[PDB]
Every structure is written in C-alpha cells, then in structure tokens.
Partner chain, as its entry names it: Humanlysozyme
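Next up: just one chain, as structure tokens, the form deposited without its partner chain.
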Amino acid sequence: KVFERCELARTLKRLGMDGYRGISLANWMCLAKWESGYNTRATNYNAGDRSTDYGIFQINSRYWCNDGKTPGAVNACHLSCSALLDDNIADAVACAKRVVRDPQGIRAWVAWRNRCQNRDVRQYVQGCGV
C-alpha cells in the first residue's frame, strides 16, 4: 500500500506514535517519507552486508526481524520480516517502537539524520488534522 500523506499521519497518531520515546509525529512522518515514500511493500537489499530493509520504515533484517537469510542476525521485534510488508502497519509500528527504545532512538536511521534532523519538519503533518 502507498499511503497518502495525511492518511498516514492520522494512522500513526492512532497507533500512539506522537511523542513516543520523545519523538514527534512529524519526525516519524519525515522518516517514512525518506525511507520508503510511504510504501509498505518497499524492500531494499544491502548487497554489502547481506541484510534487507523492509517496509514503510525500512527496518533492517540484521537486528529487527527474521528473514532467515541474513547471517548472524537477531530478531529483536520477534517477527517474521514478512510482517513488515503488510498493508496494515500495526506490526511495523510496534517494531519501530522497539527500535527507538534502544540508545540511539530515531538516530538509528541514517536517513533521519540526513533529511530530517534539525530541519523544519512541520510540512509533513501540515493540514492533516493531527
């Protein structure tokens, strides 16, 4: 599923992501935008280390979900990576909440640093009613 901007914003709010571990909604929105274009089926294979990024938040198979083919990986979210490719983002949101409970928080995603940190991210939720 390819979410529309405001549709996603309202979904993420109901799922309790606004202010989760100190992270504003707009920041989550900026992260989904740059990681997958708001696409829940996006996947990106990292030939360099043999892991794959899955879903709307591009969650990595080395630590977060199990895909069986990543060497030396763990599955902190206790999910199959297939779960992160569903049109319903419930499991993807629960896993993203897990990723940010670790020290780095949202900084775990480099694209957030490049494209969202220290920027005016208000545009991502503007006019959406959240």
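Positions refer to the first chain, counted from 1.
Stretches 96-104 and 51-59 differ in mean CA B factor, with 96-104 having the higher one.
Annotation for 2-10 versus 119-127: the higher mean temperature factor (C-alpha) is found in 119-127. Of the candidates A90, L85, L31, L79, the PDB record gives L79 the highest C-alpha temperature factor. Per the PDB record, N46 has a higher Cα B-factor than any other of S36, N27, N46, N66. Remark: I23 belongs to the lowest third of its chain, ranked by C-alpha B-factor as recorded.
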